[PDB]
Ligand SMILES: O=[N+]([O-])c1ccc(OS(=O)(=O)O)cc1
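Read the single chain below, which is given as C-alpha cells and is the form solved without this ligand.
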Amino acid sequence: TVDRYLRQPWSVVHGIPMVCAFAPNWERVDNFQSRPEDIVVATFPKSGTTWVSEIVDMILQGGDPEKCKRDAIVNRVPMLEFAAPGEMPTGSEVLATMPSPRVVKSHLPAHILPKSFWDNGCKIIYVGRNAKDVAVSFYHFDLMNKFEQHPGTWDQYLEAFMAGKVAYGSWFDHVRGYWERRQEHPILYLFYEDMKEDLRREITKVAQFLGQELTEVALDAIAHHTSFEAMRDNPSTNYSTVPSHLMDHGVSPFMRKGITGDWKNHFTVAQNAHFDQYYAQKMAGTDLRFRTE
C-alpha cells in the first residue's frame, strides 16, 4: 500500500521539496504537539543525524550501551515528519506515546519546523556538514532509499543539489537558517568535521547542553560506541533491520564511509571548480564556515 509513494518525484510543502510519502496530511507536522523537555536533533540530510542521535540517547542513559541496544535507533529516535502511509505509523503518531525526554529527529528547515518547538523553547541540537560531502552522502542515500526520487547520474544529482531541488531544499538556506535562529532560541550548533576531529570534545558539549554530568568512564564508553566502525557494525544503528523493499542495503549501506573528504572521490575537476565558485557566492555575507578537509 505504501508502494505507490516510493520512488516518486518530490512533493512540496511550504515551498520546500519533500519526500513523497511524507507530504500527505502535512497538518500532522504543522500542528505537532511538542513538550518543553523535547530534544530536537535537526540536520540537513546526511549531516550526522544518526551519529548525534546515538550520542544524545547514550547521554540520557548515563553511558550504558545496552539500553540503546534494546531497539533500533529509528524507534528510539523517531523522525518527526516520517510517514509510510498504509504500512507504518507516522513518526508524529509514534512520538505521542514516547515518555519524556523525547529525542526528535527532523530535517525540516528552521522556518517550517513546527512552531510548538519554538514556543516551548525545546533544546535543538543542529549538525552541519560541509556541502560537498553532504552532496555525496545524499546521492548514495537516494540510490538505496526507495522513499527517494531516484537520483539518476551523479552529475545530474549534483546540479539538483546545488539548485536546492533535492528533498528538504537548499543546503545553503538550511544551514544558514538554524545558524541565525540561535539568536532567539537555545541551539547547539555542531559540525560533523569537529566530531571527526575530536569526538570526545563534541560529546562533552552535547552533555553540557543537556545539563548532564559525565564521568570520565561514561565519556569514554559513549565515544567507544559512537565511532564510525562501532555504529556501522551495530545492528541498532546501521539501519540493516529496515526491510529490503524500503532500503536496498546492497546498493549502498547507511553507514557508508563515515569520513570527511570523500567528495574528492566524487567531484570531477570541473564539478569541483564550478561548485567552489557557486558556493563562495552563496556563502558570502555569512560568518558560518565549514571545513572540507
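Residue numbers here begin at 1 and follow the sequence given.
Keep in mind that the form solved in complex with this ligand is not shown, yet the notes after this line are about it.
When this ligand is superposed onto this form from its pose in the entry with it bound, none of its atoms comes within 2.4 Å of a backbone or C-beta atom, and the site is therefore classed as open.
Not one of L108, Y178 and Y189 comes within 4.5 Å of this ligand in the entry with it bound, counting any heavy atom. With the partner omitted from this view, the residue of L80, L113, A131, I124 that lies near this ligand in the entry with it bound is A131 [heavy atom within 4.5 Å]. Although the partner is absent from this view, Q8 stays clear of this ligand in the entry with it bound, with no non-hydrogen atom inside 4.5 angstroms. The closest heavy atom approach of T286 to this ligand in the entry with it bound falls outside 4.5 Å. Stretch 131-139 is the contacting one of 91-99, 181-189, 204-212, 131-139, since its residues have non-hydrogen atoms within 4.5 Å of this ligand in the entry with it bound. Along 269-293, a non-hydrogen atom within 4.5 Å of this ligand in the entry with it bound is carried by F275, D276, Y279, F290, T292, in order along the sequence.
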